[PDB]
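Structure record follows, encoded as structure tokens.
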Amino acid sequence: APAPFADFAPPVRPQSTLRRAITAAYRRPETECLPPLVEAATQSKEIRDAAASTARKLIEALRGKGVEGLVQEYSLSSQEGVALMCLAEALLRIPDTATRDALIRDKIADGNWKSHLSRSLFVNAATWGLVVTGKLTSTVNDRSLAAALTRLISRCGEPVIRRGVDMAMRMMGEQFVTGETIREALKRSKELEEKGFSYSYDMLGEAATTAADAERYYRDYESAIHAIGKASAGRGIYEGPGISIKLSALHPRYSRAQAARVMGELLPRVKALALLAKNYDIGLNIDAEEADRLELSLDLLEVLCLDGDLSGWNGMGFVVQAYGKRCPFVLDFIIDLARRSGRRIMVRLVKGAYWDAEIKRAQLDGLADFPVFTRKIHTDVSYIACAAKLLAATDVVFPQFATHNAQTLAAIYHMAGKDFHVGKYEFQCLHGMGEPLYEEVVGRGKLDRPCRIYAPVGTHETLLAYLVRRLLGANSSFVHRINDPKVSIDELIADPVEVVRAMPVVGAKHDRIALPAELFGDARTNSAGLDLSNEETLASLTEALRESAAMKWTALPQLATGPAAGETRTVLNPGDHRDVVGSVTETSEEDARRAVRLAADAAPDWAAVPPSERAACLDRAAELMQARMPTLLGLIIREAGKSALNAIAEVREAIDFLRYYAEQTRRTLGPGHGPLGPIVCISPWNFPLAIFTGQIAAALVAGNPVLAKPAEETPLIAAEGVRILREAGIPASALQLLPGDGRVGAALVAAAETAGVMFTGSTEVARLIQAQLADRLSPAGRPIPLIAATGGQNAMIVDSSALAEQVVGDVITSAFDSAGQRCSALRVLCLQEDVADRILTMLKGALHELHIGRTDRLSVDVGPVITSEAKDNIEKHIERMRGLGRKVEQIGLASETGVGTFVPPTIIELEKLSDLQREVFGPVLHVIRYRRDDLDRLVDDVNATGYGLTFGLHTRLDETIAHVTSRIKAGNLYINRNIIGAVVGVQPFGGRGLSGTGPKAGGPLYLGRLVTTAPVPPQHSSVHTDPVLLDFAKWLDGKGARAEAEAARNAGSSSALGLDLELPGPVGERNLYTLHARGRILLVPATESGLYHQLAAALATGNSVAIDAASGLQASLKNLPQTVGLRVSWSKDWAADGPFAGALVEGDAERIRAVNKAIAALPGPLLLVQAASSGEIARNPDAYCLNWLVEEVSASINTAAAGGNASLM
Ligand SMILES: Cc1cc2c(cc1C)N(C[C@H](O)[C@H](O)[C@H](O)COP(=O)(O)OP(=O)(O)OC[C@H]1O[C@@H](n3cnc4c(N)ncnc43)[C@H](O)[C@@H]1O)c1[nH]c(=O)[nH]c(=O)c1N2
Ligand SMILES: NC(=O)c1ccc[n+]([C@@H]2O[C@H](COP(=O)([O-])OP(=O)(O)OC[C@H]3O[C@@H](n4cnc5c(N)ncnc54)[C@H](O)[C@@H]3O)[C@@H](O)[C@H]2O)c1
Ligand SMILES: *C(=O)CC[C@H](N)C(=O)O
Ligand SMILES: [Mg+2]
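Mapping of the sequence shown onto the authors' numbering: residues 14 to 78, 83 to 134, 137 to 491, 494 to 1230, in sequence order.
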């Protein structure tokens, strides 16, 4: 068999000294990067004065030389302007100019435009918003825009419509693009080519999703090289036109993880285009993209420049991004490569276009620092220093200075000195934007320095795809400052080098941008990830992973008295059974019962450890796991079948649980919050470290000793987690490990001294535990608390406003990551009928680009399922659907998978959602289509499964967001992003119905469930009072029940219903946390006062009730106000009147036990039950705790989804 990790992530080539200098600078501190940049960018006082003069002379011409004018002519509001442009865009999608004018004249200008024009008019309004207002809104308020469009048409008629159409036509055909086609762009370029300009054409392709998209982009590029070469007609690479390409357009898996495919499949295609450009002797420039593709692209640039088939041509070009901390070392490397190869490489120096996306990515991944600067002035100094380096090597490279900043331009112009010849260097600008400035530079009558115009080419659809990124003209852009008339010229010709030099601390990070580790401020330290695009990281990880596979991992029954003997068997890698991972010794049912007794007898000693010291253990346990992360990664990869990327996330999530529960402890717990006692923690195989650790850390920090029962498939990583927690100071008596199967779990739950159970697993097993536990009562006569986190049937809804490329990406990740073995995984994709065929073609194309196999290779996307039984179960489902006529799409599996348990990613097209009647825990996406008027019915079908865990929605339309998020009943919502990877303390995780009891893991109510008296969580309060509660309290006052009326009003104030908070997280995301009503609560009263207390508790938290008619208390609620009676029903057959969302029970100990057994028999969800005796209701106003009568909802909205980040102005 192949040696573990012997082929994890070998580099494309051995890393030269010059390449190593690049990698070493990836995330270098910003205070280290600047001093050498300032040294390099300095110039004589004489030069700086001449620079500021030239830069002032340029800026004064500009100030002395469209959509705004339209808004003025018709006195449009901002929303009218935006809506008018969306209307124009949709009228231009009408091809025949005469048909269009007839629709305007006879139907639009008069009738409701809403009849004549399956896709909102306002799909692109975020982009038109930028045009009109200069500000970017992530989503579209389509009801506001509809009203504005009606208003402006009813006011001004066909004339305003005509003017909108012509404006949009001019902007889309001549301003945003030089032309719609390359032939048209070439015809339009004649005029400025005569005035001394040159051109390079950008064909607006990028981010291929399928093989078909990449082939299409390739032939687009090929056919443009022909038109450009023919038009060039021998002018050469400096005077004549060239083309610019993006590598992500030519392959659907352009990434370091797929480097072998990139060199074998993408390189040959770039070489064939370059050969064509060589024959016409035109430039071919490789555009720069995200920071994690930079070094990968250098390997393509190296091979192309050493390829003798391309010799004799100096047209190959390459962009370098000055906002990147690697820029000067990249330039050293290129300059040396130009010397070795003898190719005069065309180096286009830009600042960079992905800034806010890079900030968000680094934060999300928990990396050590950013790969770009965080102050714009730092990018300027870097640009000017790299320009000096490039102007010293014009013998071997051709520098191309792409900038619109007049201060940068003047600096470069004077730095280059008096000698110039065409071919020494050039400036560059963007079509429609930079000509005014550079019409003051080009020509013998100005500065006599040439400028290449970068010219987008594309249809309306194409230009709009990333027209937002191109606009971002933000609060720090030179283009934005030259307009702003409160900015003086003296301000605009300020020298960035001298300003940075005289700052108190050179190169300081931006004050308002958090390093990834500091995302949560003083609350806690963020866990740290690893950069799998960093060759140094991959190299050192390769060795640690190899060394992890040599260990003899074991897991034993670690009882309080010491290791126990038992039945021993191997643990095999699910991706290859020949790979023995370790040995597990499993627990006898006798030692299971014995461990509970030792924990019971040791419980007082652990409760007596002060909360702050308990949390301090957890903080030490977090630090141990961060240090051992590489070794833990390797065990999770091989024991549980996970990819390295999913193993990193899992170890982070364990670290985060430990620090989050430690901080929550420091915020809440005191002497009056006593532990429950021994808690049994039972966990699933699919997050074998994270969920394992989170349940145990919570229970322990709340003062409870713990019996940890790991899933039988993943004991080894569990045993390691317990080793670490004990090393951190958890005493052996406080944390005992009991490996084994469901019998060991069932014996622990049943044991006499078990005070609480934390279960994560399947819904049916949680139903068996609930049944065990209804037989039992605590020594105080109350039910044994149960937290059950169970399965999901998670849907995503996509309408015709979504961007297919974003959707396919989020779907492929949500459904097939970890082979779909996430409780959160996407199970049902719901596609609006108009875009269903297009998205499904893309999805299937992207499916076939996934790599399935054993997960000790970075190249693997989808690993094995955990066992042969899981495989057989998943494959039964697939073949059933296949036998019912449903279209089934499956990738092909390589024969190497036969040594493991694999299921291929699978797409199944269903007719109705009720076709699918059970959670299928594998890589199996079901697809259904819906018509837009049936959206509300669709949300019902989603809710009707009974599950309620994760849910996703892709739309740009506020009315659809409002509608859908107010009707879906699920605990974790996701807008315009994937639906997996909830982050501790940011998206507190957990659902409702068949998906769990709550409270949410990694949320502020979790610890309260594990003590006898719940504390008040941080920020847990609400100023809102439920109005039916208030009517009930008045009814009680009317009936003479003064004391109960007062209790009712106190419950109204104590309720946290309506709490609405935003939680700190990464930039580019809004993460919200809210408390809602749970639903209909089953009330089982014994006395009239008991019923009034129960009803006040339920109403104060927004719930309706079903009251046990067998109680005989019907006459205690005569003459209810109508508002309260709407919320009240009576029930004789509890099972018929479900599903309920909780229960309140009054009785003595045996009444409680009987009612509890009858509630556990109700079909459907596990109910969170609270019981109290009549005397407890009288003595304790919190006998029924309001924390468990509300439902937590987490929502995460990707606010960078329109293409940029507004807040990072
Ligand atoms: C001809 C041509 C061709 C291209 C490009 C430009 C031109 C003129 N660009 C885009 C370029 O990188 C840049 O985004 C804009 O052109 C604006 O730069 P200026 O010098 O015009 O303006 P300006 O001088 O106002 O500089 C603005 C720039 O500063 C940076 N910035 C803003 N805030 C910052 C902060 N807080 N911290 C650090 N930096 C900050 C950004 O890079 C921003 O673009 C590009 N880009 C790319 O990545 N790949 C490519 O292939 C191209 N192609
Ligand atoms: N809501 C969540 O946060 C969440 C997270 C992960 C997984 N899950 C769910 O867990 C399931 C997959 O994991 P699984 O296959 O390991 O679950 P499972 O129900 O098969 O097994 C879970 C655990 O319970 C034990 N067990 C089995 N029978 C038992 C019994 N009669 N009494 C006591 N313990 C018993 C097992 O040994 C194991 O430790 C899926 O349904 C998935 O959706 C939910
Ligand atoms: C379920 O398996 C846990 C999944 C995790 N919380 C996530 O991916 O959100
Ligand atoms: Mg099982």
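We treat Cβ as the ideally placed atom computed from N, Cα and C, and that holds for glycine.
* **Per DSSP, the bridge partner or partners of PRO1025** => The residue given as residue 1025 occupies position 1004 in the sequence shown. DSSP, once it has assigned bridges, lists no residue as partnering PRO1025.
* Asked: What are the boundary residues of the beta strand (DSSP E) that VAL1126 is part of?
  -> Counting from one through the sequence shown, the residue named residue 1126 turns up at place 1105. Segment 1125-1129, the beta strand (DSSP E) holding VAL1126.
* Proximity of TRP1155 and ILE1180 at Cβ, strictly below 9 Å -> Looking up residue 1155 in the sequence shown gives position 1134. Looking up residue 1180 in the sequence shown gives position 1159. Going by C-beta atoms, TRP1155 is nearer than 9 Å to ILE1180.
* Helix, strand or coil at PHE1053 [DSSP, three-state] -> Along the sequence shown, one-based indexing puts residue 1053 at 1032. Note: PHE1053 maps to helix in three-state DSSP.
* Is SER316 helix, strand or coil when you go by DSSP? -> Position 297 of the sequence shown holds residue 316. Three-state result, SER316: helix.
* Taking only runs that begin and end inside the region 810-896, name each unbroken beta strand (DSSP E) of 3 or more residues, in chain order. => Complete beta strand (DSSP E) runs here, min 3: 815-819, 847-853.
* To do: Give the straight-line distance between the Cα atoms of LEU879 and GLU314, rounded to the nearest whole angstrom.
  => The residue you call residue 879 lines up with position 858 of the sequence shown. The residue you call residue 314 lines up with position 295 of the sequence shown. Whole-angstrom Cα-Cα distance: 17 Å.
* Answer yes or no: do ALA729 and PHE713 have a C-beta to C-beta separation smaller than 9 Å? => Taking the first residue of the sequence shown as 1, we reach residue 729 at position 708. Taking the first residue of the sequence shown as 1, we reach residue 713 at position 692. In this structure, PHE713 lies closer than 9 Å to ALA729 by Cβ.
* According to DSSP, residues forming a beta bridge with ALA474 -> Here residue 474 refers to the residue found at position 455 when the sequence shown is read from its first residue. As a beta-bridge residue in DSSP terms, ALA474 pairs with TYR220.
* Quick one: does the C-beta of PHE678 sit closer than 8 Å to a heavy atom of ligand 3? -> Here residue 678 is taken as the residue at index 657 of the sequence shown, counted from 1. No, since every heavy atom of ligand 3 falls outside the 8 Å radius drawn around the Cβ of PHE678.
* To do: In the DSSP assignment, find the unbroken alpha helix (DSSP H) run with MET434 in it and report its ends.
  => Within the sequence shown, residue 434 is the residue found at index 415, counting from 1. Residue range 425-434 is occupied by the alpha helix (DSSP H) that includes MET434.
* Would you say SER1194 and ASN1092 are within 9 Å of each other, going by their C-beta atoms? -> What you label residue 1194 is simply residue 1173 of the sequence shown in a count that begins at 1. What you label residue 1092 is simply residue 1071 of the sequence shown in a count that begins at 1. At least 9 Å separates the beta-carbon of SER1194 from that of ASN1092.
* Pick helix, strand or coil for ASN160, following the three-state DSSP scheme. => Start at 1 with the first residue of the sequence shown, and residue 160 comes out as number 141. The three-state secondary structure of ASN160, taken from DSSP, is coil.
* To do: Could you tell me which of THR422, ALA341, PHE417 sits nearest to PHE392, measuring between CA atoms?
  => Here the question's residue 392 lines up with position 373 in the sequence shown. Of the residues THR422, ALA341, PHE417, the one whose Cα lies closest to the Cα of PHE392 is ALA341.
* To do: Output the distance between the C-alpha atoms of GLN1191 and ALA1162, rounded to the nearest integer angstrom.
  => One-based indexing of the sequence shown puts residue 1191 at position 1170. One-based indexing of the sequence shown puts residue 1162 at position 1141. Straight-line Cα distance between these residues: approximately 12 Å.
* To do: Could you tell me if the beta carbon of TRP374 falls within a distance shorter than 8 Å of some heavy atom in ligand 1?
  => As a working mapping, residue 374 is identified with position 355 in the sequence shown. Yes, since a heavy atom of ligand 1 falls inside the 8 Å radius drawn around the Cβ of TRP374.
* Asked: Span of the alpha helix (DSSP H) holding residue 12?
  -> This structure does not reach residue 12, given that the chain is present from 14 up to 1230, and the question cannot be answered.
* **DSSP three-state assignment for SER554, whether helix, strand or coil** => Walking along the sequence shown from the start, residue 554 turns up at place 533. It is coil, neither helix nor strand.
* Asked: Just the Cα atoms here: how many angstroms apart are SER137 and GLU854?
  -> Counted from its first residue, the sequence shown places residue 137 at position 118. Counted from its first residue, the sequence shown places residue 854 at position 833. Taken atom to atom, the span from the alpha-carbon of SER137 to that of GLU854 is near 9 Å.
* To do: Quick one: residues in its chain with C-beta nearer than 6 Å to the C-beta of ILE514, no 5 flanking neighbours on either side, listed in chain order?
  => Taking the sequence shown and counting its residues from 1, the one referred to as residue 514 is at position 493. Excluding positions up to five away in sequence, the list reads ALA65, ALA68, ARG69, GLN426.
* Alpha carbon to alpha carbon, how far is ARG394 from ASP532? Give it in angstroms, no decimals. => Position 511 of the sequence shown, counted from the first residue, corresponds to residue 532. Position 375 of the sequence shown, counted from the first residue, corresponds to residue 394. Linking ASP532 to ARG394 through their CA atoms gives a straight-line distance of about 9 Å.
* Can you round the beta-carbon distance between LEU850 and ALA776 to whole angstroms, since I take them to be within the 8 Å contact cut? -> As a first step, residue 850 must be located in the sequence shown, where it is residue number 829. As a first step, residue 776 must be located in the sequence shown, where it is residue number 755. Rounded, the Cβ-Cβ distance is 43 Å, inconsistent with contact.
* **Under 5 Å, CB to nearest heavy atom of ligand 3: contacting residues** => The filter returns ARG843, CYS844, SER845, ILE1001, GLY1002, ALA1003, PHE1010, in chain order.
* To do: Report the residue from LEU931, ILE669, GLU980 whose alpha carbon sits nearest the alpha carbon of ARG953.
  => Taking the sequence shown and counting its residues from 1, the one referred to as residue 953 is at position 932. The shortest Cα separation from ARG953 among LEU931, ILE669, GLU980 belongs to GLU980.
* Asked: Measuring CA to CA, which of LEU868, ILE895, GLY943, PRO885 is closest to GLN911?
  -> One-based indexing of the sequence shown puts residue 911 at position 890. Residue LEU868 is the option with its Cα nearest to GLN911.
* **Sheet register partners of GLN757 (DSSP bridge)** => Working through the sequence shown from its first residue, we reach residue 757 at position 736. DSSP output for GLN757 lists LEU728 as bridge partner(s).
* Within this structure, are the beta carbons of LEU959 and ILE860 separated by less than 9 Å? -> In the sequence shown, residue 959 corresponds to position 938, counting from 1. In the sequence shown, residue 860 corresponds to position 839, counting from 1. Note that the C-beta distance between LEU959 and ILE860 is not below 9 Å.
* Asked: Is there at least one non-hydrogen atom of ligand 1 closer than 8 Å to the beta-carbon of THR589?
  -> As a position in the sequence shown, residue 589 is number 568, starting the count at 1. No, since every heavy atom of ligand 1 falls outside the 8 Å radius drawn around the Cβ of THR589.
* Would you check if there are 3 or more beta carbon pairs closer than 8 Å linking the region 519-535 to the region 985-996? => A contact is defined here as three or more CB-CB pairs under 8 Å, and the region 519-535 fails this definition with respect to the region 985-996.
* To do: Thinking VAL886 and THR922 are a contact (beta carbons under 8 Å), I'd like their distance in whole angstroms, please.
  => As a position in the sequence shown, residue 886 is number 865, starting the count at 1. As a position in the sequence shown, residue 922 is number 901, starting the count at 1. Here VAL886 really is in contact with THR922; their C-beta atoms are around 5 Å apart, less than 8 Å.
* Asked: When the Cα of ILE472 is compared with those of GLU377, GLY283, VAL196, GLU234, which residue comes out closest?
  -> The count along the sequence shown starts at 1 and reaches residue 472 at position 453. The shortest CA-to-CA distance from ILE472 to any of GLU377, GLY283, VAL196, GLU234 is the one to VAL196.
* To do: Could you tell me which residues DSSP puts in a beta bridge with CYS448?
  => The sequence position of residue 448 within the sequence shown is 429, counting from 1. Note: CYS448 is bridge-paired with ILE472 in the DSSP secondary-structure output.
* Asked: Run through DSSP, which three-state label would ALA421 get?
  -> The sequence position of residue 421 within the sequence shown is 402, counting from 1. If DSSP states are grouped into helix, strand and coil, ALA421 belongs with the strands.
* Asked: What span of residues does the alpha helix (DSSP H) with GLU588 cover, start to end?
  -> Counting from one through the sequence shown, the residue named residue 588 turns up at place 567. No alpha helix (DSSP H) holds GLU588; the beta strand (DSSP E) holding it covers 588-594.
* Asked: To the nearest angstrom, how far is it from the Cα of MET650 to the Cα of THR558?
  -> Sequence index remark: in the sequence shown, residue 650 carries index 629 (1-based). Sequence index remark: in the sequence shown, residue 558 carries index 537 (1-based). Whole-angstrom Cα-Cα distance: 13 Å.
* Could you tell me which residues DSSP puts in a beta bridge with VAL1166? => In the sequence shown, residue 1166 corresponds to position 1145, counting from 1. Within the DSSP bridge table, the entry for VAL1166 names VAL1105, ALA1192 as partners.
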